[PDB]
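Asks: Below you'll find the structure I mean.
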Amino acid sequence: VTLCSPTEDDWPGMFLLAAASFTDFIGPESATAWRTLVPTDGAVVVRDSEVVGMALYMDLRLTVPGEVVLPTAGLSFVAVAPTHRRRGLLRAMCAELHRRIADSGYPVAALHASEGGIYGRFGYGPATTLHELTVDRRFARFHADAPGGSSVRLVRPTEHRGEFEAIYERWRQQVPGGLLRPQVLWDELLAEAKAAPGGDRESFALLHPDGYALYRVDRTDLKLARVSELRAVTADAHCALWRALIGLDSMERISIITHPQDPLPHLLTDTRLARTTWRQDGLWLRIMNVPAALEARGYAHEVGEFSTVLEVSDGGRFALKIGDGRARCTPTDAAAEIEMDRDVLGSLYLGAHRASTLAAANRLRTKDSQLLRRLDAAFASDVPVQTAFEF
Amino acid sequence: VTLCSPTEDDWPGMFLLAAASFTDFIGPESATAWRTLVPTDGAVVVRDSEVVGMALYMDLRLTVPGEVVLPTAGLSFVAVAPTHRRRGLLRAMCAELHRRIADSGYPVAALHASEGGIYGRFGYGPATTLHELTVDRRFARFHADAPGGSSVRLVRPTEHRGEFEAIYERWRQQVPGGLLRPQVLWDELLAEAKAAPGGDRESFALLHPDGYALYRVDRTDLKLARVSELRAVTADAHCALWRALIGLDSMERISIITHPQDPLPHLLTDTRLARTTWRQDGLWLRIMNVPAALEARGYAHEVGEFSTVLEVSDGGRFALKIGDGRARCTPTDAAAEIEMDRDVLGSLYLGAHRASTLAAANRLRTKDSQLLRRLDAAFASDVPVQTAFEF
Amino acid sequence: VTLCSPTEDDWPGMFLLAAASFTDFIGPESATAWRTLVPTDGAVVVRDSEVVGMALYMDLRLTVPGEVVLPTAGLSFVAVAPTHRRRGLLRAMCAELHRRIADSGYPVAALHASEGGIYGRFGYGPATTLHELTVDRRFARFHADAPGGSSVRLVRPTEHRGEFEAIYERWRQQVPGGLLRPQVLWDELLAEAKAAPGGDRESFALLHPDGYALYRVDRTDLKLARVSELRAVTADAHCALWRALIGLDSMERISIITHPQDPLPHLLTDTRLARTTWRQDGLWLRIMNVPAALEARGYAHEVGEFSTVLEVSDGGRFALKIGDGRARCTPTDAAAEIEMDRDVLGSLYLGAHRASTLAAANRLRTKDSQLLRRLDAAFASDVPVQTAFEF
Amino acid sequence: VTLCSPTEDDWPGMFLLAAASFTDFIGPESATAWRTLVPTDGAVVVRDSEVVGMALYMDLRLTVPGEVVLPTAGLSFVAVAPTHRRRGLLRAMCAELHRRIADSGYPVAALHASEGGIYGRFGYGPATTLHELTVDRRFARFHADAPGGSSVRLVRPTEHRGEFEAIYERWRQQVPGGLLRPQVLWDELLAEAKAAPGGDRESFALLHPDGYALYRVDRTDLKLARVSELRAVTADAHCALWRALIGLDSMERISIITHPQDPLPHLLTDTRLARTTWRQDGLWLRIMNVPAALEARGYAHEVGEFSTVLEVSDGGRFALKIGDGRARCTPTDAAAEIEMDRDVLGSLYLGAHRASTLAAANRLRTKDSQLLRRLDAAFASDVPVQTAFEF
Amino acid sequence: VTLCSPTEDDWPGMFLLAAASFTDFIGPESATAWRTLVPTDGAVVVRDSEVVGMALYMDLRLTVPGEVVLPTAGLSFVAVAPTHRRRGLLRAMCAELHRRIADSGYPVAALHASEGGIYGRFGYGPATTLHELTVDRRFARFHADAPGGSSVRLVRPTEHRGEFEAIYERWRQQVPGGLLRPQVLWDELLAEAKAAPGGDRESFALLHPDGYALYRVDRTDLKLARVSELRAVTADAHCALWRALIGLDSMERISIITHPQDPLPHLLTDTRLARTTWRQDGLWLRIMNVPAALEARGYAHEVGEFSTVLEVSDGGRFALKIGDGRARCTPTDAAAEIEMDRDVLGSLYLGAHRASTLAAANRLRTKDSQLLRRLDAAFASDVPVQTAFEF
Ligand SMILES: CC(C)NC(=N)NC(=N)Nc1ccc(Cl)cc1
Ligand SMILES: CC(C)NC(=N)NC(=N)Nc1ccc(Cl)cc1
Ligand SMILES: CC(C)NC(=N)NC(=N)Nc1ccc(Cl)cc1
Ligand SMILES: CC(C)NC(=N)NC(=N)Nc1ccc(Cl)cc1
Ligand SMILES: CC(C)NC(=N)NC(=N)Nc1ccc(Cl)cc1
C-alpha cells in the first residue's frame, strides 16, 4: 500500500469508495462542488491500482469566543475500504494530513465524527453539542413576556437567496461555532430545498429582517415539520420565527437540531413542551498549535488576572496568563499546575464543556480547586456555542 | 365550598382523593409515614361533608450554593377532585399555604410539578434539570485517564442502611439541590428495595466507602438495569461505582436519572455511548422572601464586586450588591436596572439556568449586557446542581 | 390587511400558500384544473403585496333524500399563513364567501373539514360519516344467501373511462351525498391511477355492468389492497365486486372507506371479519336558506302529517308542515316548539344523525318527545347517505 | 372458458393479469426478456376475449447430487384472475403443462411457491431450504482458525460482468440446486444493481478470484446491508468475502438468504452472532419420470449396495438398486417395501429432507427401519443443497 | 482473592451473587433443591470475607448416539461479581472444576451458555440446536397421510406426575441429548405449572399413553399458547398431541422450542405454517477424555470400516478405527490425518454439526475429502439429537 496526493485519475476510485462508505453521498456532481473547498495538497489516498483509503481537509473559517475568526482545516471524505480494515490506514492518513495542516499554518483542525470512539486518540475533542428539541405545537402558548405579542413572511427559499446569505453571514461572525458558508454550499443547500421523487418534500422559508428558518414536512410522518436551519441575529427575530413555526396549524410537532442554551422553552408558558429528543457531539476540534489557539480567542472579563502552567500531553508546556479577556501563552520548563491530553483542550476551547466536569473524570489534572474555578470561568463563552453546518 | 386545616376525620376523604389523583399512591400506610414531615397547620382541604381539594407542605432542608442549608416548605399531596375543576380551588389552596409558609418564616418553597404549565403563575420556577443517561454497556470501555484502573462491594441494601445514610448525609450537605432525608423516608426507600409480586424486581446495592448505587433490573426489559440512586462524595467513588455497573455483564443497557454535568460520558473512550434519553425539570422553587434568599446563598468569587437594582414583579425592589462571594439585598426606590417575575428568580437561584438565557426569552429585562454577564457569573454554582429525591 | 377577489397576479401567491398549507397539494397543474369549477367571484384573498389568506367555493350538485339535486357551494382551498394566525382572517373570509353564496342563490354550502373543531361556529354540521372497513380476506367465506353464487372483469382504468363515468353518474343521482363529477375530476382520478416513482402503485379496476371498484396495493404494506372507490347501483353488482376483491388471493387484507350501512359484513358467514378500523365525519353542510333547503328534500312517507314551529338560532322561525313525503316551511312568529343552531340542521339534513341523538346532547331542544320521534322518522333517508369524493 | 397456447394477441392480456397478480412485476420490458427462456408451446392461457388464467414453463438446467445437470421445466408466471377463483383453472393449466413437459422429455419440473399449501397436491415437494442469517457485525470477531488471517476488491458490478458470470458458472455446476443463468438474467441482475428514484440504493460488489458478494444498504434501515447473492467456489473465497462484509464499519447488521449448512457461524468466536431470522422452502421439485430422475443423480458411496421396491402413489412401482454411488430403477410388480406420494420423492431428491423425518410424519411408509437408515444415507448430498435464483 | 470449596457459611454469599447474576433465580428454596444434585467437592468459590465468584457441577446422565448413557458433569451456577470482572476468576474456577471433573472419572462435561462467545476457549462446543416453531393454528390442516385421522386427554399436570415421569424416562433413554430428570426437578417442574400472582398462567397437560405436552397461555399475548415441553416416544403420540394442540380453538398461535428435525411441518398440508421464529445453541459439551468418549458412543452402521489418526489440539493424538458401529481409539505418534480443537469434537459428538461444515470453516483440518465424508457419515445420529432441559 502507498500513501500520496491523488492525481485526477484517482478521483473516480475515490467517488466509488465514497458511494460505498457514505449513505448521504448525493453523487459525483455534489462531490465536485465540495472539491472547490479542498486546497492543493489537501487530499491523501492509499492505493493497493485501486483506491482503498482517502482523507482530505477543506479550508474553513471558524468563529471562536470573542468574535475571532480562525483559519480551520475541516477534515472530511475520510474512508477506508471494507477490504482494508485494521491495517493502520486511518492512522497513516491522519498523520500525513496533520503534518500538512500544521506545516501550512492552521492553528486548529475540525471534523464531524461518524462514531464517538475514533477521533479522541488523534487529538480531537467534541467542542459543540447538538440538542434536538421537539415541540408539541398543539399545546404551545407564548408566555406574556415573549417578544412580538407580521414581521415574518412565508417565502420560497430560491427566491430570497441574497437575504439568507446576508443573515447567515451576520450570524456566523457573532456566534462561536459559526463557519463561513461559501457560494458552492449555498448552491447545494438551495438544490436540497427542492422536492425529490421518492425523497424529501419541498422546503419553505420563514423570513424576518434579522433571521430565517428553513423547514419541510417529514417524508413519512406528515404531522412533523423538521426545521433544517434557523439563524436569528436578534432575540426578536428568534421569537418571531418560533411564533410562525407554532402557527403551522396542520402539524402536531416541530423538531429542530439546536444547541443546549436555545431560549425556545422559556418563550412558552409550559417549558416542558420543548422536549429534548436527542443529544450528540457536533463539531470536534484538534488544537494544532497550543499557543496560537489559546492567544487567539477572547476570555471572560469577569475573572481577575491569573497565571498558571499548562502541560498538553506531547503538545508542550506553557506559562498561561489570562487577564482583561486576553491570554499570553509562552514556553516554560516550570512545574505544570494543569495537565491534559490535546483532545481535552479542544473540548474546552469553545466553552461547551467545563474544566471542572473534565477534572471530575480525571481528563484534566490539577491539585488546585481555585485554579479549576478560574479556568472554568475564563474559558466560558458569553455567546453560547452553536453548530453551523455539517461537513 | 370551604377552605380549612383538616381534622383527623378529613384524612380518609384525603386518602380517597389521593388514590384517585396519584397512580404512585402506595397506600394509606406510606401516606401516614410522609405525614410525620407535615407541620401542624401544614395542610389545607376544601370541602363541598366530602373532600374535593387538598394541599400541604412538608418541613425540608435544602442545600443551596455555598453549602448553605435553608428551611424549605415542600409542597406535596396537591389534588383537586375531577368533579371540581375550573372553580379556583388550586389558586385558593396555594394562596392560603403561601400565606402560612411566608408567616412561618420560610425563605423558599419547593415542589416537583406533575405538568410544566401550572406552577409558573404561582411564582415557582424550574431550578434543577433531570437528565436520563442510557449506556450501551456492551461497548463501554473506560478511558486510560479514568480513576480506579476492588473498592466496591455488591450488597443487600437492607443490611447496610447505616452506611447509605452516612454517605447520603455527606452528599446532601455538599451539593446544591441536596435535601435532608429523614428516617421515615429511609424506611420507605428500603421497603421499595424488596421485590413485589407483579411489581418491581429486587434492588441490589454497590457500596464504596465514599458512594453507593441502588439498582434493579427493569420489570419487563430483562436486559435493562435502572439505577434508582447513585450518591458519590468523591470522583474516585463515582468512577468505581460506574466500573461496577458496566460490569453487569448480563445487561445490554444501564439507565440513570442524573444531572447535566454528570462526568460519566468523559470516563469512556466513546462519550457518545452515554446517550441522553430524557430531560425534564426536576425541583421547582418559589422565593418567598427575596432578600433572605439572595443574602443566604454564596456567589462566585471570580466576579468582582458590583451593585445593581433588581425589581421582582410584585415582590419588591432591592439594591443588590455582590462581592467576595456574598450578597447584600436592601429596599430601594431607585430606578430598576433588572426586572423579572418571581418564578425567574427561582430558576436562577441554584445556578441551573443562565440569566443571559432567560434574558434572550425576555423573562429577565435589562438594557445592560455587562450586568447580564456579571449576574450569569455570580449566580453560577461551582458544584453542579443535582436533584435529591422527589416529593 | 385587505380582503378582495384575487387578480391573475394573486394566483402564484395562492399556490405558495397552498403548497405550505396542504401536504396533498399535487401541484399548480392539478390546482388549475380544479380552478375551472370556481365561479367568477368564487374566491377571496387577504393581502398584507403578499397573500396571507385565501378561500373559495366551487359550483357543485349534491343529491339529497328524495333524489333531489341541489346547487351547492363547495368551500375549498381555505388557508391562513402561519405568520397570520389569530387575526380573524378565517372569520372575515368565511363571512364574505357566505354573503356571496347566499346572494348568488345557493340553498346549501358544503366542505370537508381538516379538523373537527373549526366549522361548527360558522354553521357547518357534519352530515355524512366515513367508515373504514378492513376485511381479513384469508378467512372470508360468502353466506349461502349472498347473490352471485363471471360478471366482473379485471381491467385497466384508463381504457374504460366511459363506463366508469356512466356508472358513477347513475350512482350519484340515486344516493344522498352523491356529487356530479365533472370531466376535469375524471381527468385527475385517472392520472392518479398511474404508478408514480417513489409514490403509489398502479391502480386496477373491477368492472361490472352496474358497478366498479378501483383499488391498488398499499405502497409499503404489500399484503394490503386499498379500494379507493366502489360505486354499485345494484345489490348484485356490490356482491359481485366483493366476491372479486375477496379473490385477490395474494392479499391478507382489503380496506375501503365506506358508509355505516355498507351491507358487506352481512355477505359473509362471519360478520366480524369486516372490521371497523376508522370512523370520521365526511361531508359538512351549512344550510344557507332554511325554507328552500327544508322544502327541497323528500321526507319519509311512513310518518303521518304533522306541523311544528322550528327556530334556527339567528336563522329564522318557521311553521314546518311535513306530510306525504313533502315539507312546507313558512315564516311565523308563533312560539317555537323546536330550537337548534344552524349546524345541527345541516347534521340532520341528509339523515346521518338522529334528532333524538342531538336532543340527548341538548343541541336540539323541545319539550315534546312525540315531536322528536316524528322528526327522527321524517328526516330519515330510505337510501343510506354516502360520501362521494373529497374536495 | 377455453385453455390454449397464447397467440401474440394474448400477451397484453397476460401482462395485465401479471401486473394485477405480482407486486414484483418490473414491467412488460423485464417480462419480454424472461420470455426468451419460454419454449414454443411452453405457455397456456385460459380465455373467458379476455385472459383469466395463465401458466408457463422455462427451459432450465438444474444441478443435482453427483454434479449431474438435468433439463428442468421451470414453472412461472402462474396466475388466475380474482374474478375466476374456485373454477378449477389452476388444476386444468397444471394438468396441460405437465402433459406437455412429460411428452417433451423433461425428467423434472421445478417452481418457487407463492404459498406453502398449493403445489403439494400437484406432486411438487419443497427440495431446498432458504435460511436468512443476520450478523451483528459490531461484535463479530473471526476465530483464530478462520482462513485469510487483501484478496477481495470493492467494485462496481456493471464493470466486472465477465468475472461474475465465470464464478457463477463454476458455482452452479458444483452445487446441487445450481441453475444455469442465461445472458438475459445477467442483463436483469445488473439493471437491478442501479439505484432507483424512490426504490433500491446502489449495489456494490466484493470480488475475489473464486467468489463474489453483491450487496446494498436497505432502502429504509440505513444500518442494514442486504447481501443479494454470495457465490463462493472455495472456503478461502467464502471466508475472505465475509471478512470484507464484516468490515462494512458503517453498518450494524449484514443479512443474507443462504442455506442451512452455511459455515459462516463457525468462522466467528461467537457462533450465536450469525442469527437465523427467517427460514422457508426455496425450490420445489416435481419428479416427472421416476426412473430417469432416480438413475440420473449420484448417491453416497458410504452406504453398501442395497435393493428395495419403491412405490410412488400413482407414479409406478420400481425395483431400486443403489450401489457404488449409482441407482438402477426398473419396473416391478413385486410387493412394495417403501411407499410415498410423488411430492415426497421431490423433497428427498436433492438431500434437503431426510427419509427418516418424512417417515416420522407418515409421508413415507416402510416397516423396515434398516431400509430407512439406508435411504437416508444414500440420498444425502456430500455438497450441501443451495438455492440458485428465484423464478 | 482465594479459590476453595465453599463451607455452609459461604452459601448465603453465593445466593446473593446468584440473585444479582440470574434474573431466573426463583429463590434460595429452589436453589437448595438443585443443590442435592451437586456432589461433595462439586463447587468452588472465590472470596475477596465476601463471595465474588462461584461455579459448580451437578451429577447428570446424558444419552449419546447408540442409546449409551454417560456420567456427565453439568456446569451451572457460574457467576463473577460485577465488581471483579477481568481478573481471571472465570478461567481459575473453570480450570479447578475441570481438574476435579477429570480426576473424578467423568468422560464429558456439559453446560447451557448465557452467551455464545465464552465457553469455546474452555473446550465446550455447541452440541444441540434449539429451534422455535410458531404455528398459525387458524390455517393448520393435517395432511391425508398424518396418523390419527380420542387417545389424548386434557389433564391437570399435578394429578398425573407418575405418568409424565414414566414417559419422560422412556424418551430420555432413546434420544441423544436426553438427561435423567431426578425427583427434585419433577418437584420444581410441577411447582412452576401453578399460576403465580403477576406471573405465569396455569399450565395444562395433554396426555397420551406414549407422550405428553405441557403448555400455558402466554402472560400478555392471550392468543399465544407456549408448549413448555412435548415428549413423545412414538410418531403416533407426536401426531396425536399436535392434533390436540391445533384444537386449542381460542389461540391464534402455538409456539414450541424443539429440534431441527421435528416432523411437525410434514404433518400439515402447508409445511410453511410451522414457522422457524428462533434458533440457538442448546447443550454445549466438553470432551474430558477423548478415547473414553469416542469409544463409548455408537456410530452409523452404513459406513464401512475405516482407520484414521485424529489429533485434538492439546488433547492427544489417537489411532481411530470405526467399524460395525463401534470405535477403537488408541494412543499413537503416527502423523495426524485430522486435527481440531477440543470444542469442535464436542460439536460433532451428538451428530448436530457435520464434519464437512466445520471443515469448510477450517475448524477441522484434513487433506482427505474421502475421510471427511466418512467422518460425517459415521458421527451422524440415526435418532435426531434433542435438548432435554436447561440447567
Ligand atoms: C453534509 C455533509 C455530510 N457533507 C459532507 N460530508 N461534506 C462532504 N461530503 N465533503 C466532501 C468534501 C470534499 C469532497 Cl472532494 C467531497 C466531499
Ligand atoms: C416520591 C413522591 C411521588 N412521593 C410523594 N409524592 N410524596 C408524597 N406522597 N407526599 C405526601 C406528603 C404528605 C402526605 Cl400526608 C402524603 C403524601
Ligand atoms: C381531494 C381534495 C383534497 N382535493 C381538493 N382539496 N380539492 C382542491 N384541492 N380544491 C381546489 C379547488 C380550487 C382550486 Cl383553484 C384549487 C384546489
Ligand atoms: C425473480 C422472479 C420473481 N422473477 C420471476 N418471477 N420470473 C418471472 N417473472 N418469470 C417470467 C417468465 C416468463 C415470462 Cl414471459 C414472464 C415472467
Ligand atoms: C432452568 C435453569 C436456568 N435452572 C438452573 N439454572 N439450574 C440451576 N439454577 N442450577 C443450580 C444448580 C445448583 C445450585 Cl446449588 C443452584 C442452582
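Using the numbering of Swiss-Prot, the residues shown for chain E are 3-50, 56-156, 161-402, in order.
So how was this one determined? The header says X-ray crystallography, 1.9 Å.
Backbone N, Cα and C define each Cβ position, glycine as well.
According to Swiss-Prot:
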type: BINDING; residues: E:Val85, E:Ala86, E:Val87, E:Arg93, E:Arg94, E:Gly95, E:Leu96, E:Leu97, E:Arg98, E:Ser121, E:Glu122; note: acetyl-CoA binding site
type: ACT_SITE; residues: E:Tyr126; note: active site, proton donor
type: ACT_SITE; residues: E:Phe402; note: active site, proton acceptor
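So that I understand the layout, could you describe where these features sit and how close they are to other parts?
Replies: Counting only residues at least six positions away in the same chain, the Cβ atoms of E:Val48, E:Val59, E:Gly60, E:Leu96, E:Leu97 sit under 8 Å from the Cβ of E:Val87 (acetyl-CoA binding site).
Sequence-distant contacts (6 or more apart, same chain, Cβ under 8 Å) of E:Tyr126 (active site, proton donor) comprise E:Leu118, E:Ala120, E:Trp295, E:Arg297, E:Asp354.
Cβ neighbours of E:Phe402 (active site, proton acceptor) (same chain, under 8 Å, six or more residues apart in sequence): E:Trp36, E:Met65, E:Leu67, E:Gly81, E:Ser83, E:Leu118, E:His119.
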Asks: Between the binding-site residues E:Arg94, E:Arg98, whose Cβ has more other Cβ atoms within 10 Å than any of the rest?
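Replies: Highest number of other Cβ atoms within 10 Å: E:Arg94.
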Asks: Enter the number of other CB atoms within 10 angstroms of the CB of E:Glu122 (acetyl-CoA binding site).
Replies: 12
Asks: Pairwise over E:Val85, E:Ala86, E:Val87, E:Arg93, E:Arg94, E:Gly95, E:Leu96, E:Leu97, E:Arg98, E:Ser121, E:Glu122, annotated as binding acetyl-CoA, what's the top Cα to Cα distance to the nearest Å?
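Replies: For the residues that bind acetyl-CoA, the greatest Cα distance is 19 Å.
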Asks: Under DSSP, is E:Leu96 (acetyl-CoA binding site) helix, strand or coil?
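Replies: Looking at the DSSP assignment, E:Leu96 (acetyl-CoA binding site) belongs to a helix.
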Asks: Which of the three DSSP states, helix, strand or coil, fits E:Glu122 (acetyl-CoA binding site)?
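Replies: The three-state answer is coil.
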Asks: I'd like to know which recorded positions lie near chain D: of E:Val85, E:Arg94, E:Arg98, E:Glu122, E:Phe402, which have a CB under 8 A from one of its CB atoms?
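Replies: It is E:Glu122, listed by sequence.
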Asks: Using DSSP, would you call E:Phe402 (active site, proton acceptor) helix, strand or coil?
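Replies: DSSP assigns E:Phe402 (active site, proton acceptor) to coil.
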Asks: Listed recorded positions: E:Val85, E:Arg94, E:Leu96, E:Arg98, E:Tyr126, E:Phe402. Which have a CB under 6 angstroms from an atom of ligand 5?
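Replies: So the answer is E:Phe402.
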